[PDB]
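A look at the structure
Okay, here's what each chain looks like letter by letter:
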Number of protein chains: 2
Amino acid sequence: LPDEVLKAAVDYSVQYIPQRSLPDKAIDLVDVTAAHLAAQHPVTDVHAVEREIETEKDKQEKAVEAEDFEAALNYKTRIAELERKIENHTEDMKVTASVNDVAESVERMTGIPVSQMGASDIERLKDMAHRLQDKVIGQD
Amino acid sequence: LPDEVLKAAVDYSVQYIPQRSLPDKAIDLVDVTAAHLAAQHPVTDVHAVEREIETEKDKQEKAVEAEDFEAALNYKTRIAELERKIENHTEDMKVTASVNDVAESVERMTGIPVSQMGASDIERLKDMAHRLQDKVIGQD
């Protein structure tokens, strides 16, 4: 994660979760952020070809038993093929650390949608005047 | 051995070794005949290449361990090469059954050179008259 996301997580956890110490909460927010950013992606799209590599490896061993070197060489070439394909899929990871994603993580934490996310405490300590004022009637 | 050599061996053992039964002596004469006809030939002329095949086989196993199939294939080809060479040498056996060779086997058995080998008993029973007559003087 780039530093901007990190400082944003700190600034949010400090102002929204005062009931916990800083060092642990800042870490836990990041941790759950990453877990969610896994986006519940599957692994079958590589797992199937892992099975394929296993089968090809077994046939390669069988051919080696019969000392048929051309077939074993072909099998090894196919093994390399599938291997670096899987390598290509593995690096198909999304790298998107956004302050916004941390924000929805917070919202799931506390159930509170935040308008004007990232606003200064200076902003918030004055805006809450209306926040309560506009959910009540008078009695200013 | 062709039948002629066999009957010749029988005819010689019957007339020159009466102090033994027929069936065993006829066999033993043939046996010693063959052993001598081995002519004390060596086996190094194939044994060396047997060692060579052993060394090439070890290198072939080593290359198979490293899964270098071209080298193992070359090694197997060389193994076949040396193998059928050794096959060619193995069939380089002399096939010469001669009544004469049986005769020298007899001579080694009893120390008696035989003039007129294969002569009939009819010949021999009359020729021995001179055989003794000419080694003695008169007294016919």
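Cut-offs used in this document
Residues numbered from 1 in each chain as written, not as in the entry; some residues may be left out. Chains lettered and ligands numbered in written order. Part of a larger assembly, values for the part shown. Heavy atoms only, no water. Contact = heavy atoms within 4.5 Å. Buried area = accessible area lost by both parts, 1.4 Å probe. Salt bridge = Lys/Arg side-chain N within 4 Å of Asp/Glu carboxyl O. Polar contact = N/O pair within 3.5 Å; in protein donor to acceptor, adjacent residues only side chain to side chain. Helix = DSSP H or I, 4+ residues; strand = E, 2+ residues; numbered from the N terminus. Least-squares fit on C-alpha atoms. Patch = residues over 30% accessible without salt bridge, like charges linked within 9 Å, V, L, I, M, F, W, Y side chains within 5 Å. Areas by Shrake-Rupley, 256 points an atom, 1.4 Å probe, with all protein chains shown as cover. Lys, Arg positive; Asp, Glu negative; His and termini not counted. Charge placed at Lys NZ, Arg CZ, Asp CG, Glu CD. UniProt positions renumbered as here; feature names shortened; annotations may be inferred. Expected span 1.5 Å × (residues − 1). Buried < 20%, exposed > 50% of the residue type's maximum accessible area, 1.4 Å probe, protein only. Arc of directions from axis to C-beta. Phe/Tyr/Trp six-rings, centres within 6.5 Å; stacked < 30°, edge-to-face > 60°. 1 Å grid on protein atoms, 1.4 Å probe; cavity = no way out; pocket = protein on both sides within 12 Å on 5 of 7 lines; lining within 4 Å. Points joined across faces, edges and corners; volume = space filled by probe spheres on them. Nonpolar A, V, L, I, M, F, W, Y, C, P; charged D, E, K, R; others polar.

Per the deposited record, cryo-EM is how this structure was determined, to a resolution of 4.5 Å.

This next bit is on the interface of chain B and chain A. With 6 residues of chain B at the interface, the matching set in chain A holds 6 residues. The contact between chain B and chain A buries some 520 Å² in all, and 91% of this surface belongs to carbon and sulfur atoms. Counting across the interface, chain B meets chain A through 0 salt bridges. One can count 0 residue pairs in polar contact joining chain B with chain A. Ranked by the residues each element gives to the side of chain B that touches chain A, the list is headed by helix 4 (residues 69-90) of chain B, at 4 residues.

Here we take up the relation of the copies chain B and chain A. Placing chain B over chain A gives an RMSD of 0.0 Å and needs a rotation angle of 180°, together with 0.1 Å of translation along the axis. The superposition operator between the copies reduces to a two-fold rotation axis. Considering only C-alpha atoms, the residue of chain B closest to the rotation axis is B:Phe69, which sits at 2.5 Å. By residue overlap, the copies meet face to face through one surface: 100% of the interface positions of chain B are interface positions in chain A.

Turning our attention to a negative patch on the surface. Residues and elements named next belong to chain A. Taken together, the side chains of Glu50, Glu54, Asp58, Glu83, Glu87 and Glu91 present a region of like negative charge at the surface. Among the secondary structure elements, those contributing two or more residues to the negative patch are helix 3 (44-65) and helix 4 (69-90). Take the negative patch: its biggest share by element is 3 residues, from helix 3. Among the structural elements, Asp58 can be located in helix 3.

Under the UniProt annotation, "coiled-coil region" (unreviewed entry) lies at residues 46-99 of chain A. Secondary structure over residues 46-99 of chain A splits into 80% helix and 0% strand, and the C-alpha atoms at its two ends are 30 Å apart.

Now for helix 3 of chain A. Across its 22 residues, helix 3 of chain A extends 31 Å between first and last C-alpha, which sits within 8% of the 32 Å expected from 1.5 Å per residue. Taken together, the buried positions of helix 3 of chain A are occupied by A:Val49, A:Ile53, A:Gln60 and A:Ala63. The arc enclosing the buried residues of helix 3 of chain A, seen along the axis, measures out at 80°, which places them on a common side. For helix 3 of chain A, exposure combined with an orientation more than 90 degrees from the buried face picks out A:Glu54 and A:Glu65. Buried residues belonging to helix 3 of chain A abut helix 4 of chain A together with helix 4 of chain B. Of the residues flanking the end of helix 3 of chain A, it is A:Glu67, one or two places downstream, whose phi is positive at about 60°.

Looking now at the packing of aromatic side chains. Residue and element names in this part refer to chain A. Summed over all chains, the structure comprises 2 aromatic pairs over all chains. Between the aromatic rings of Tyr12 and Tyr16, the centroid separation amounts to 6.3 Å while the plane-to-plane angle is 55°, which identifies the pairing as tilted. Residue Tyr12 and its partner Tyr16 are located together in helix 1 (residues 3-16), separated by 4 residues, close to a single helical turn. Overall, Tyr12 belongs to the buried group, its relative accessible area being 11%.

Another aspect to go through is the pattern of salt bridges. All names here are of chain B. Summed over the entire model, instances satisfying the criterion amount to 6 salt bridges over all chains. For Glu61, the salt bridge goes to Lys57, with nearest N and O atoms at 3.8 Å. Pair noted here: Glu61 and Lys57 are both in helix 3 (residues 44-65), with a separation of 4 residues, about one helical turn. Overall, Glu61 belongs to the partly exposed group, its relative accessible area being 45%. Take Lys57: its relative accessible area is 40%, and that puts it in the partly exposed class. Between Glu81 and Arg84 there is a salt bridge, with the nearest N and O atoms lying 2.7 Å from each other.

With that settled, consider unusual backbone geometry. All names here are of chain A. One non-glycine residue, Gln116, lies in positive phi territory at about 55°. Within the secondary structure, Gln116 sits in the loop between helix 5 (99-110) and helix 6 (121-133). When its relative accessible area of 60% is taken as the criterion, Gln116 is described as exposed.

If you add up the space inside the largest pocket, you get close to 540 Å³. As for the largest pocket, its lining consists of 15 residues, and the residues nearest its centre are A:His41, A:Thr90, A:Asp92, A:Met93 and A:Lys94. Broken down by secondary-structure element, the contributors of at least two residues to the lining of the largest pocket are helix 3 and helix 4 of chain A. Considering only enclosed or pocket space, the second largest pocket measures out at about 400 Å³ in volume. Every residue along the wall of the second largest pocket is listed here: B:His41, B:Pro42, B:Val43, B:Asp45, B:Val46, B:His89, B:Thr90, B:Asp92, B:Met93 and B:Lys94. Mapped onto the lining of the second largest pocket, the elements with two or more residues apiece are helix 3 and helix 4 of chain B. For the lining of the second largest pocket, the residue count by class is 4 nonpolar, 3 polar and 3 charged.

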